[PDB]
Every structure is written in C-alpha cells, then in structure tokens.
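Take a look at this one chain, the form solved without this ligand, written out in structure tokens.
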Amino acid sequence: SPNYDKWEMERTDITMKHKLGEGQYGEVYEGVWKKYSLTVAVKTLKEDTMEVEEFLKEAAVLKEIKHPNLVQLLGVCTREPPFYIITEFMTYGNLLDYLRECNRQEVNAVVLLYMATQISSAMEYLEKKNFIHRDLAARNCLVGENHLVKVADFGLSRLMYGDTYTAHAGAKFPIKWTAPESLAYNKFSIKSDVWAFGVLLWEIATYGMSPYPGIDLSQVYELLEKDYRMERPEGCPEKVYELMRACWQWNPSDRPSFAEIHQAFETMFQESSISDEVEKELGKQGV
C-alpha cells in the first residue's frame, strides 16, 4: 500500500513561475505558493512515465536531507492530480551561475570559507545518513541571499551543457568532471565524494570557470590518476588549495573525511592565508 507523511502537499497550492532546467524523471521549474512564501524548485516525472514510480523514493532521499545548510524537501503531492516533489530554491541559483554572475561584485575569500565550510558540514552529516551524492558539484549546490550554500541535484544532464557538460558515459555524471578512482574501479564512497568536493572547492576558488576545460577527455583519466590538479586560481586563498590537494590525492588512505575538511576551513576563516608550501604550481587561474 502507498504511504505519505507530514510532507504531503496538495498540488493546487503550488504556483509555477518558470523552468530552471531538466531533471532525471522530467523538468525542474521554479515556483512558490499564493504569498507568505519563498522561491522553490519542483521536480516532476513526465506524462509518459510508467508504473515504475521509483521517483517517490528519490523524494524520500530529499526528505532524508533536512538541514539549514542544505536544500530540503518542502513537500510532495502523492494524492491529487499528477505527482510533484517541491524542494527549496535558493535565489542566486546554482554555484556556476552564482560565481559567474559575481563577475559584477565578486564573492569574498571569507564567503568562500563560509560557503565551503557549510558544504563540508553538510556532507559530514550526509555520510552519517549513509548518503553518497556522487555528482557533488557547483551545479549540484545552490546559494541563498545571505550567501549560504546548500547541497542538491535536479537531475541535470542538459541544464547548462555549454559551460560544462560531458557526453553521457552510461552513468549519471559528466565523465570529464568524474574521479580517476570512480573511472577505474567504478566505486563511489565518501572518499570519491571528497575528490568531487575538491574539484567543487576549486570551482568555488576559480569563481565558476569550466572544470577540466583545456585538457582532453581521454587524457582526463590519464592525468587524474598520475596526480594532476588544475593550477591555483588568482585572487583565491592558498589554504583551500592545500586542502583540495588532499582531496585530489589518488590514494583513499591519504585523502581525508569531511570532519577533517571542516577543521581545514575552520582555521582558514580565522584570519589565516598562504601556509608554508605554495612553492610552485600556484598562481594563475587554472587554464
């Protein structure tokens, strides 16, 4: 028998403004209620979806992620005309959009440690929930007006394909942005997610430049396995880079957990800059 919760919401209540982009089961679009509300993202399954409603379980994962530093499920319409999942939308949009739009008035170093420490705390929680994001990226993070960043995914294979997307390599991620361990072994754990996060910290560092853009796709596996990293962005703190380097370590034993990562951000936020190293391969903005 189908079951629901406090998350049960009537579809008549939800008002749809415009389209954010596509998702896995179908498009994700921006909305709200009549008034006395805040901008929301609503994902749906297409009219041509089967009895395979496993979408409901994906909504249950959104229900599992409830935190102030995290995109949260506001509700689901299980009863009444077609099925909708309403999650919170953060006004700046996705992190590539936020950082690129902040060519106007750039995000400060203090905001970088803030936003990134929110994501590190987020995933620290998420690991204990036994949740593996796997696609954790700037596109898969959103920013509120207060400059706070939260973890999310619309299901967005073709949302903004021009700034990044890589050819659908069977699995649910852009292969050029994907980890060498994940390419070879085909396993994802918090360890693989920490690397993804390392590239994400770098997306935050470079202020929303395209990931792995200069270097070739077949070469991407080759260089990542070797020990390659993109060069440290200019007008970005070194401390995020010495940390993301730990995330970019090939060996899982060398690579840290999100508890250790929040600790790394903690010191940064507290009045600190370039520490000890940064002898070479740091200076200009990636490629």
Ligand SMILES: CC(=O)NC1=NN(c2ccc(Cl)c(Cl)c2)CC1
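Note that residue numbering follows the sequence shown and begins at 1.
Just so you know, the form solved in complex with this ligand exists too; it's not on screen, but the next bit is about it.
The site is blocked: after superposition of the local C-alphas, three or more atoms of this ligand, taken in the bound PDB entry, come within 2.4 Å of this form's backbone or C-beta atoms. This ligand in the bound PDB entry is not approached by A246, whose heavy atoms all lie more than 4.5 angstroms from it. Looking at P68, you'd find every heavy atom of it more than 4.5 angstroms from this ligand in the bound PDB entry. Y212 falls outside the set of residues with a heavy atom inside 4.5 Å of this ligand in the bound PDB entry. Not displayed here, this ligand is kept clear of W195 by more than 4.5 Å at the level of heavy atoms in the bound PDB entry.
If you take 229-246 and check each residue for a heavy atom within 4.5 Å of this ligand in the bound PDB entry, you get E234, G235, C236, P237, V240, in sequence order.
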